[PDB]
4 protein chains.
Amino acid sequence: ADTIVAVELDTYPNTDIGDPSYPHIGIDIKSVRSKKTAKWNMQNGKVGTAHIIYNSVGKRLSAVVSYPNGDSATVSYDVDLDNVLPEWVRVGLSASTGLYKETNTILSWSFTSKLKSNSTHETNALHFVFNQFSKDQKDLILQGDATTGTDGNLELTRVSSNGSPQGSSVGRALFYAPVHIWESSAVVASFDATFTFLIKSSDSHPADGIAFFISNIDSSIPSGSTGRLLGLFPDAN
Amino acid sequence: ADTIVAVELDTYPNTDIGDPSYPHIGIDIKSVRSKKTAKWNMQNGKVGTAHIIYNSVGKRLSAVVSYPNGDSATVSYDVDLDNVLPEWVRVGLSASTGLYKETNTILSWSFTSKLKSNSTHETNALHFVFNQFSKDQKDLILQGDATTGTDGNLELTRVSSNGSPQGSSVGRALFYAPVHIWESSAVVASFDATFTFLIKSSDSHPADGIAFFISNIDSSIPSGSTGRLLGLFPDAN
Amino acid sequence: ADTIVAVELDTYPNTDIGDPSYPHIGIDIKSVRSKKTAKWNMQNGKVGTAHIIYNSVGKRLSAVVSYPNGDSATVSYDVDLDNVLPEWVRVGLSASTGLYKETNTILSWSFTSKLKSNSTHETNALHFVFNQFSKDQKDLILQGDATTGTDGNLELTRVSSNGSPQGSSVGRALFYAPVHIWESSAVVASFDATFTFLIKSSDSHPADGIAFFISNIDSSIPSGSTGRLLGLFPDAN
Amino acid sequence: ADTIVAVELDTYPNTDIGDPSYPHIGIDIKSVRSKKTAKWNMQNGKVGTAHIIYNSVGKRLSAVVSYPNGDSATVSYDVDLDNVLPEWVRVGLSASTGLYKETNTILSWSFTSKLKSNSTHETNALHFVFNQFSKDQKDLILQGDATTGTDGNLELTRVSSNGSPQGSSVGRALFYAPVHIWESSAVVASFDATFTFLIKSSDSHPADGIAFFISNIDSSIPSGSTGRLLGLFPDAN
Ligand SMILES: OC[C@H]1O[C@H](O[C@H]2O[C@H](CO)[C@@H](O)[C@H](O)[C@H]2O)[C@H](O)[C@@H](O)[C@@H]1O
Ligand SMILES: OC[C@H]1O[C@H](O[C@H]2O[C@H](CO)[C@@H](O)[C@H](O)[C@H]2O)[C@H](O)[C@@H](O)[C@@H]1O
Ligand SMILES: OC[C@H]1O[C@H](O[C@H]2O[C@H](CO)[C@@H](O)[C@H](O)[C@H]2O)[C@H](O)[C@@H](O)[C@@H]1O
Ligand SMILES: OC[C@H]1O[C@H](O[C@H]2O[C@H](CO)[C@@H](O)[C@H](O)[C@H]2O)[C@H](O)[C@@H](O)[C@@H]1O
Ligand SMILES: [Ca+2]
Ligand SMILES: [Ca+2]
Ligand SMILES: [Ca+2]
Ligand SMILES: [Ca+2]
Ligand SMILES: [Mn+2]
Ligand SMILES: [Mn+2]
Ligand SMILES: [Mn+2]
Ligand SMILES: [Mn+2]
């Protein structure tokens, strides 16, 4: 199966696959069952921001998700990603809905990876930023239900003509280029990612969440990964 | 045919197709016959640096090529690249040899494009930088004779195991992701590129040169574009 | 006197000192009488954005000012700023009112200078960005009437507690650190600046405008440089 | 006294102020007695690189010091810098010599601080890079024995006409502008710093080290801070 490191913004507790019993942010290393979570109060209809930060020095994958009112949830997990990810990866955003639903709208996404040193501050680096997505976003690989619109947004999961989110949707957006996420001579292999998102639901409960993820270059949506699997995993192991 | 904008470092004066009677740098818009050139003293076996700058406001494509001794040639050409390039492009480096030859070694290559908007610092951007190339540089599309080495370099044209350049060689390297080079909504679209190169020859005369180029996304080396055509054009028109 | 290079957003046509007979953006090299202007429709109470671009290769100072409705004015002037500016400068924003007035509110300001060299990507660079200003913005030198607020803005000219702009006001904000704007060794010296602004007036006519400027490091507001002199010049020569 | 957070490259073990008994890198929070150290093999006469990385999310101050051959020393310390540093700081490089000596030459220094969010990926940020220092480096505050030369380097401590390092020298270089290192509404306050350095000694033992440090804006060299105090502290508490 794919190799996945993800930071999940998990709006729906699936307590029989180990979610805590509240909306939460989580760090997922090779399992949907997050290695670490923190409670997260998803603010329906507000634009949120997620920041994901890793470097090979401190070896701590960190994420914060905030809303403009200042509410924030942070999670960090000590992990040497050199030991989990392949050298080359693709980076992406994923989301899903299941029985319950939500819009999984991305307003913006930036990513930076840097491989530094072996020497004077020379470097291999990739940075992209999308503050507006285009209807035909050639540098994004859209998978499953993900679309880009003329509203400048990326709709990770399905939305109806009347703006209403659909169930059992899964969608992703990967940056087109593979990313050299580590390289054993790099003294520092850092990455960081920021996305802004708008999760809205009129469901009794929003679901299922959004994740930023890093995968093998050829990663595709695992079949059956709607709902609690977030477009990321073939199963809940 | 492809659409090409290029900055050529032309080491071989083909005076019969409009080259000046010296090695030169030039700006190429849809033709190998540069709209603008400047006399360039290629320094054999020395590491040069090429910087290429454009923005949609000044509408001036500029390049400078310099060497460690301080010698520099610059060429600028006023052009509205919105009227020439497709909205999405790929960017690359190209090089050729013909009857005369030279190493067309790239030691580093960076590129930045930005689409800035009617707002603030909300920007779409791609930035990459390669200060070392890997053998399996998965974020480069290698065409023709181009290879990436264990020496950390990009050899655009064929070099034998003994280190000698070969003639009638052509090769390019394009960044894997398409680039959104202009977008009608943007107030400023800018790009910049830098690369460092080492052109060495022990021929009677070095040839043919290195270009940074921007092309249609599906650009391939035009058939028979070795020699004076720099791997960029099907003919010398 | 100070040495000034500026991009003026001139909201008040002082036709008696060479302004065109409309609000305009202009490029000012050592004089309030712009070397180049373009007709600019200042949109009262709307947030505008100004981008200023220069590099030492193209030698073209460019600016564009736009508003959210898409209206845009651009002005470019060919000039070799090496021949005008001192090697070290301070960069700033300036604004004035006179008999007529307007808020000269800056909501954001970024600036990048780079000196790139005869080598690779070895570069000296300064980059700052302010998307919010603090009350005690210790990295800004405020001159004259300029203040920074709790509203996160930079008020270049005096605004009363009731929110009303005042006349005969002048103020500037310079970044605290001097900037190395050119250096003889560098192959490329470039800068760019962006700022966003909100010029509101309920006067018979707004005046006088906002400038981005670059000055000698020890620049102060010239005495009596309110009104049409934009806080940049001692006289209208 | 000043408030100091530093990353020390401590070439001389002063085991009666708690150094371990080998050259080491250390994280210093408000004491020269590092909260954490790692053994470091300083390679005499080679150019080293130090990277220092912090973010407010993972709350882990990290440093790696490497040499081109690949040898590396890393240290990380979990610390919430919001609770140690003032909001505004200056950033600098410091070094000293004592009874024993070394050159404390900085070849380059970059710093980035970013305050992100409360919102969509807008930001206050400062980045500078010096890959070459100038004889009169106006954007550096040189303190004590620090000088910049025409060789493009910063000599933190004293060197004689014949290139030989002197004892009981202390010197620093601070970036001229204060830095807003944290701000309580910032969802992410990150900084990173890289310097390359050349420590050479013909002493029986090199001393005393180089540090990157963050201090109160008005920080100056504490009197008596040569030697083991590294220009950073008034004493060894
Ligand atoms: O009754 C069938 C199941 O419905 C829920 O699970 C689905 O809906 C969720 C979407 O919010 C997803 O997390 C999940 O993957 C879907 O299968 C319910 O939570 C399950 O317990 C039920 O078996
Ligand atoms: O500087 C001239 C160099 O290039 C020439 O290019 C022409 O030669 C071939 C004719 O069939 C083609 O491969 C090529 O595309 C022509 O335009 C020549 O080949 C070389 O002598 C020179 O190095
Ligand atoms: O657009 C004209 C505006 O500025 C004018 O500026 C002149 O007025 C004063 C005369 O003593 C000086 O303070 C100033 O420097 C002059 O150049 C005028 O003050 C205003 O009416 C207008 O808003
Ligand atoms: O004999 C006097 C002291 O000399 C050494 O300490 C000085 O030299 C060192 C430079 O390498 C510094 O670390 C120190 O601050 C200087 O005071 C010796 O290590 C000390 O034990 C002696 O007291
Ligand atoms: Ca879940
Ligand atoms: Ca030619
Ligand atoms: Ca005027
Ligand atoms: Ca010590
Ligand atoms: Mn979960
Ligand atoms: Mn030519
Ligand atoms: Mn004017
Ligand atoms: Mn120590």
# chains A, B, ... in the order shown; residues from 1 in each chain; ligands from 1

call {"tool": "closest_atom_pairs", "arguments": {"of": "chain A", "to": "chain C", "cutoff": "10 Å", "atoms": "only C-alpha atoms", "output": "tab-separated table"}}
result
residue	atom	partner	partner_atom	distance
A:120	CA	C:122	CA	9.2
A:121	CA	C:122	CA	8.3
A:122	CA	C:121	CA	7.5
A:123	CA	C:121	CA	9.4

call {"tool": "write_last_selection", "arguments": {"atoms": "N, CA, C and O atoms", "output": "PDB file, in the first residue's frame"}}
result
ATOM      1  N   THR A 120      28.202  25.397   2.837  1.00  0.00           N
ATOM      2  CA  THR A 120      27.656  26.761   2.834  1.00  0.00           C
ATOM      3  C   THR A 120      26.208  26.833   2.357  1.00  0.00           C
ATOM      4  O   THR A 120      25.869  26.184   1.364  1.00  0.00           O
ATOM      5  N   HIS A 121      25.378  27.657   3.024  1.00  0.00           N
ATOM      6  CA  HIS A 121      23.920  27.629   2.796  1.00  0.00           C
ATOM      7  C   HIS A 121      23.398  27.706   1.312  1.00  0.00           C
ATOM      8  O   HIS A 121      22.583  28.601   0.945  1.00  0.00           O
ATOM      9  N   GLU A 122      23.897  26.703   0.536  1.00  0.00           N
ATOM     10  CA  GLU A 122      23.301  26.094  -0.690  1.00  0.00           C
ATOM     11  C   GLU A 122      22.390  24.848  -0.378  1.00  0.00           C
ATOM     12  O   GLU A 122      22.556  24.135   0.652  1.00  0.00           O
ATOM     13  N   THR A 123      21.528  24.510  -1.345  1.00  0.00           N
ATOM     14  CA  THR A 123      20.221  24.004  -1.049  1.00  0.00           C
ATOM     15  C   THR A 123      19.533  23.501  -2.324  1.00  0.00           C
ATOM     16  O   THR A 123      19.719  24.108  -3.413  1.00  0.00           O
TER      17      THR A 123
END

call {"tool": "residues_near_ligand", "arguments": {"ligand": "ligand 10", "cutoff": "8 Å", "atoms": "only C-alpha atoms and all ligand atoms", "output": "ChimeraX atom specification"}}
result
/B:8-14,18-20,23-26,32-34,37,228

call {"tool": "residues_around", "arguments": {"residues": "residue 179 (chain B)", "least_positions_apart": "3", "cutoff": "6 Å", "atoms": "only C-alpha atoms", "output": "list in words"}}
result
residues 88, 89 and 90 of chain B

call {"tool": "write_last_selection", "arguments": {"atoms": "N, CA and C atoms", "output": "compact mmCIF listing (two decimals), in the first residue's frame"}}
result
# COMPACT_ATOMS: atom_id res chain seq x y z
N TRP B 88 0.10 28.29 -19.39
CA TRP B 88 0.88 27.31 -18.67
C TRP B 88 2.02 26.90 -19.56
N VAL B 89 3.17 26.74 -18.93
CA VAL B 89 4.42 26.48 -19.62
C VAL B 89 5.19 25.43 -18.87
N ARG B 90 6.28 24.98 -19.46
CA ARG B 90 7.30 24.33 -18.66
C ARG B 90 8.53 25.13 -18.90

call {"tool": "closest_residue", "arguments": {"among": "C:230, C:103, C:237, C:111", "to": "ligand 11", "atoms": "only C-alpha atoms and all ligand atoms"}}
result
C:230

call {"tool": "residues_around", "arguments": {"residues": "residue 6 (chain A)", "least_positions_apart": "5", "cutoff": "7 Å", "atoms": "only C-alpha atoms", "output": "ChimeraX atom specification"}}
result
/A:27-29,211-214

call {"tool": "residues_near_ligand", "arguments": {"ligand": "ligand 1", "cutoff": "9 Å", "atoms": "only C-alpha atoms and all ligand atoms", "output": "PyMOL selection string"}}
result
chain A and resi 11-16+96-102+167-168+205-209+224-230

call {"tool": "write_last_selection", "arguments": {"atoms": "C-alpha atoms", "output": "PDB file, in the first residue's frame"}}
result
ATOM      1  CA  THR A  11     -13.923  16.590  12.310  1.00  0.00           C
ATOM      2  CA  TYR A  12     -15.644  13.257  13.117  1.00  0.00           C
ATOM      3  CA  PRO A  13     -14.713  10.904  16.036  1.00  0.00           C
ATOM      4  CA  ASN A  14     -14.609   7.296  14.896  1.00  0.00           C
ATOM      5  CA  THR A  15     -13.884   5.947  18.327  1.00  0.00           C
ATOM      6  CA  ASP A  16     -13.807   2.310  17.186  1.00  0.00           C
ATOM      7  CA  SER A  96     -13.536  12.902   2.759  1.00  0.00           C
ATOM      8  CA  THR A  97     -17.106  12.653   3.864  1.00  0.00           C
ATOM      9  CA  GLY A  98     -19.040   9.529   4.862  1.00  0.00           C
ATOM     10  CA  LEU A  99     -22.485   9.191   6.330  1.00  0.00           C
ATOM     11  CA  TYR A 100     -22.023  12.716   7.593  1.00  0.00           C
ATOM     12  CA  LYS A 101     -20.625  15.480   5.482  1.00  0.00           C
ATOM     13  CA  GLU A 102     -19.065  18.859   5.151  1.00  0.00           C
ATOM     14  CA  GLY A 167     -21.584  12.113   1.399  1.00  0.00           C
ATOM     15  CA  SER A 168     -19.264   9.281   0.741  1.00  0.00           C
ATOM     16  CA  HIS A 205     -22.264  16.432  12.694  1.00  0.00           C
ATOM     17  CA  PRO A 206     -19.598  17.469  10.191  1.00  0.00           C
ATOM     18  CA  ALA A 207     -17.429  14.752   8.680  1.00  0.00           C
ATOM     19  CA  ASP A 208     -14.876  13.573   7.836  1.00  0.00           C
ATOM     20  CA  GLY A 209     -11.969  15.931   7.740  1.00  0.00           C
ATOM     21  CA  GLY A 224     -12.847   2.420   0.161  1.00  0.00           C
ATOM     22  CA  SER A 225     -11.154   5.392   1.762  1.00  0.00           C
ATOM     23  CA  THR A 226     -14.178   7.648   2.085  1.00  0.00           C
ATOM     24  CA  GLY A 227     -15.299   8.484   5.491  1.00  0.00           C
ATOM     25  CA  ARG A 228     -13.006   7.971   8.403  1.00  0.00           C
ATOM     26  CA  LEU A 229     -10.019   6.921   6.243  1.00  0.00           C
ATOM     27  CA  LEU A 230      -9.805  10.409   4.791  1.00  0.00           C
TER      28      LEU A 230
END

call {"tool": "residues_around", "arguments": {"residues": "residue 142 (chain A)", "least_positions_apart": "5", "cutoff": "12 Å", "atoms": "only C-alpha atoms", "output": "ChimeraX atom specification"}}
result
/A:91-95,133,135-137,147-148,154-157,170-176,219-221

call {"tool": "residues_around", "arguments": {"residues": "residue 54 (chain C)", "least_positions_apart": "3", "cutoff": "9 Å", "atoms": "only C-alpha atoms", "output": "VMD selection string"}}
result
(chain B and resid 58) or (chain C and resid 57 to 63 81 189 to 192)

call {"tool": "residues_around", "arguments": {"residues": "residue 194 (chain D)", "least_positions_apart": "6", "cutoff": "6 Å", "atoms": "only C-alpha atoms", "output": "list in words"}}
result
residues 50, 51, 109 and 110 of chain D

call {"tool": "write_last_selection", "arguments": {"atoms": "N, CA and C atoms", "output": "PDB file, in the first residue's frame"}}
result
ATOM      1  N   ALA D  50      26.365  26.162  10.690  1.00  0.00           N
ATOM      2  CA  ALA D  50      25.455  25.983  11.736  1.00  0.00           C
ATOM      3  C   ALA D  50      24.071  26.363  11.272  1.00  0.00           C
ATOM      4  N   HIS D  51      23.109  25.466  11.526  1.00  0.00           N
ATOM      5  CA  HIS D  51      21.679  25.804  11.411  1.00  0.00           C
ATOM      6  C   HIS D  51      20.932  25.767  12.714  1.00  0.00           C
ATOM      7  N   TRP D 109      25.884  34.486   7.038  1.00  0.00           N
ATOM      8  CA  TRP D 109      24.847  34.444   8.055  1.00  0.00           C
ATOM      9  C   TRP D 109      23.512  34.806   7.399  1.00  0.00           C
ATOM     10  N   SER D 110      22.527  33.946   7.594  1.00  0.00           N
ATOM     11  CA  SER D 110      21.148  34.217   7.219  1.00  0.00           C
ATOM     12  C   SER D 110      20.254  34.057   8.454  1.00  0.00           C
TER      13      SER D 110
END

call {"tool": "closest_residue", "arguments": {"among": "A:64, A:160, A:231, A:195", "to": "ligand 5", "atoms": "only C-alpha atoms and all ligand atoms"}}
result
A:231

call {"tool": "atom_distance", "arguments": {"atom1": "CA of residue 153 (chain C)", "atom2": "CA of residue 199 (chain C)"}}
result
12.4 Å

call {"tool": "select_by_dssp", "arguments": {"residues": "region 102-197 of chain D", "states": "strand (DSSP E)", "output": "PyMOL selection string"}}
result
chain D and resi 105-116+123-130+140-144+147-148+154-155+170-175+179-180+188-197

call {"tool": "select_by_dssp", "arguments": {"residues": "region 3-231 of chain A", "states": "helix (DSSP H, G or I)", "output": "list in words"}}
result
residues 15, 16, 17, 81, 82, 83, 227, 228 and 229 of chain A
